[PDB]
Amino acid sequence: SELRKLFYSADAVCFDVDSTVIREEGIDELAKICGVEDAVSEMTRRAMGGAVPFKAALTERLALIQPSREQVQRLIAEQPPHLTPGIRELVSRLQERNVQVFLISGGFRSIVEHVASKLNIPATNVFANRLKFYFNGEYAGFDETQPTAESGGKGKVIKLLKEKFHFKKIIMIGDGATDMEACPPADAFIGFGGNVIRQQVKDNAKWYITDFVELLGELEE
């Protein structure tokens, strides 16, 4: 109930995407589509937390993947990421109370906009990395000016949102240490373990849930 009191005081909620809003890690699923799952999935685990600089870890994984525009399109069409149970209902209840909902990801806007356009979250509220392609569709790099291209990028996004909209109370929700480290500048953090529990987050977060229903413990409508 104290959790729900906190949750209901927020005027903006930012969700991590990989392993929070969706069950999978987008970059790993792209690597699967492109045939380099094993190497990239390992590098993704390697980059967890501030362990290695994020921009370098992103460049190296994409250098192995080399995703074409057609391959990104085929991922979205044939193997779309699975939404975590409860997230559709939770975003719906937040939007019905006019809480501004955002998605923040070190993954890619192509995929995250598809996810947002399952949750009625406008593309303006999506912050993610942007893949580049040549005219023929070949992988051409990524937008290195995005805040999500750098370590600490989630906190930079939240700072931008505070400066643009002056929200009173922004809550960050995510599964990983990089989400926990986005508070501050977020006003509170809720850790999420419904897909995989990151024990260091569970052990140190003030607020932690394993099923989005727990925030749907209000009046259930």
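Residue positions are given as counts along the sequence shown, with the first one as 1.
At least a third of the other compared entries leaving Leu160 unmodelled, is that the case? No, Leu160 has coordinates in all the other entries compared.
Taking the other compared entries of this protein, do a third or more of them lack coordinates for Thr178? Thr178: modelled in all of the comparison entries.
Looking at the entry, does 57 to 65 or 187 to 195 show the higher mean C-alpha B-factor? Between 57 to 65 and 187 to 195, it is 57 to 65.
Quick one: say whether 81 to 89 or 68 to 76 has the higher mean Cα B-factor in the deposited entry. The stretch with the larger average C-alpha B-factor is 68 to 76.
Options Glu181, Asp175, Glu163, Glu42 - largest CA temperature factor per the record: In the PDB entry, the greatest C-alpha B-factor among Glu181, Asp175, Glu163, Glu42 is found at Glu42.
Peak C-alpha temperature factor (PDB record), options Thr145, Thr124, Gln100, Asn129: Highest CA B-factor of the listed options: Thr145.
Consider only the C-alpha atoms of the modelled residues in this chain, order them by B-factor as the entry records it, and name the third containing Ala12: lowest, middle or highest. As the PDB entry reports it, the C-alpha B-factor of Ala12 lands in the lowest third of its chain.
Split the chain's modelled residues into thirds by Cα B-factor; is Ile171 in the lowest, middle or highest one? Lowest third, going by the recorded CA B-factors of the chain.
Once the chain's modelled residues are ordered by C-alpha B factor and cut into thirds, is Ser110 in the lowest, middle or highest one? For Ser110, whose C-alpha B-factor we compare with every modelled residue in the chain, the answer is the middle third.
Ranking every modelled residue in this chain by its Cα temperature factor as given in the entry, which third contains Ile22? Lowest third, going by the recorded CA B-factors of the chain.
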